[PDB]
Structures are given as C-alpha cells and as structure tokens.
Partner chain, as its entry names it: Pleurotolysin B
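Okay, so here's just one chain, in structure tokens, the form solved without the partner chain.
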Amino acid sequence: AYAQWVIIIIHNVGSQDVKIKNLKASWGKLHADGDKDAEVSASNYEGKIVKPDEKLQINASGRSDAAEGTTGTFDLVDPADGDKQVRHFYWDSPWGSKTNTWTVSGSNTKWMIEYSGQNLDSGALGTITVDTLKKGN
C-alpha cells in the first residue's frame, strides 16, 4: 500500500547498437528522471538507439493518490538485422501488498540479456538494470 514505480536502465555492454520499440505504459505513466509526477511522452524513447557503453533510463509511476500501480511493456530490437526482436519486456508494480512481476521473453540467440534489481515482493518493483550484448551465433 505505497507509491508504485519502476526505473529500467538499459545498459549496452556490447559493441553493437540496440534499439527500443513499442514502449507503452498500460497503467500509470512514463515520467522524467527524478520526478514521478512529471509525465513524458513515449516518443522521447520510441525508436531510440542505445549505443555501446551507453545507458538509457525509462521511469514509470502509478497514480499514487488513486491507489494505482504501473504496468507496461517494451521491446528491444536489432537495428542491424531489420529491427528483428531481441526480447520483449513486461513490468507490473501493482498498488498494495500485491507481488510484482518483471518478465523478459522471446528469443534471439545473437543477443545475451542479463537483468537484476527487481523487487518481486511487496513494495515498488524498483530499479532494474538490463545489460545487453550482441554475441552472434
């Protein structure tokens, strides 16, 4: 029963560009770094490239005065391979004592993806770092 939020940090730790697509919060809203009430457009991120050694930070929060959590999805795609999907991502940080969800799905064996930081218990889902590396087949 507290304010729900997530921060997703995509860190490209490989040598090949990765691209974000289809970023959509189904509950709550995307917001600016360090201000959970300052809504931003998904077009700030849609189609953006994360270059080698760069980070891209996405922040989402619920409507904390309406007992609302935040839920959303995005894809990473490979801009050198026709925007082939790398992985699909899903977050859910429901309001209350409810368990959170952070799911990475899909397959693309040219890429390795590692994540950590998620809080799956009660409370906000929190800060999740996603490391991306194109390893080839």
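Numbering follows the first chain given and starts at 1.
As the entry records it, the average C-alpha temperature factor is higher for 96-104, out of 81-89 and 96-104.
Higher mean CA temperature factor between 10-18 and 116-124: 116-124, per the PDB entry. Remark: of 75, 54, 65, 46, 65 shows the highest value [criterion: C-alpha B-factor in the PDB entry]. The entry lists a Cα temperature factor for residue 59 that places it in the lowest third of the chain's modelled residues.
The PDB entry assigns residue 4 a C-alpha temperature factor belonging to the middle third of its chain's modelled residues. The deposited CA B-factor of residue 42 belongs to the middle third of values across its chain.
Beyond what is shown, the protein has a form deposited with the partner chain bound; the following relates to that form.
Interface membership of residue 21, defined by any non-hydrogen atom within 4.5 Å of the partner chain in the deposited complex, is ruled out. The partner chain in the deposited complex is not approached by residue 46, whose heavy atoms all lie more than 4.5 angstroms from it.
Residue 112 belongs to the set of residues with a heavy atom inside 4.5 Å of the partner chain in the deposited complex. Although the partner is absent from this view, residue 53 contacts the partner chain in the deposited complex, with a non-hydrogen atom inside 4.5 angstroms. Contacts between stretch 13-36 and the partner chain, counted in the deposited complex as any heavy atom lying within 4.5 Å, involve 13, 14, 15, listed in sequence order.
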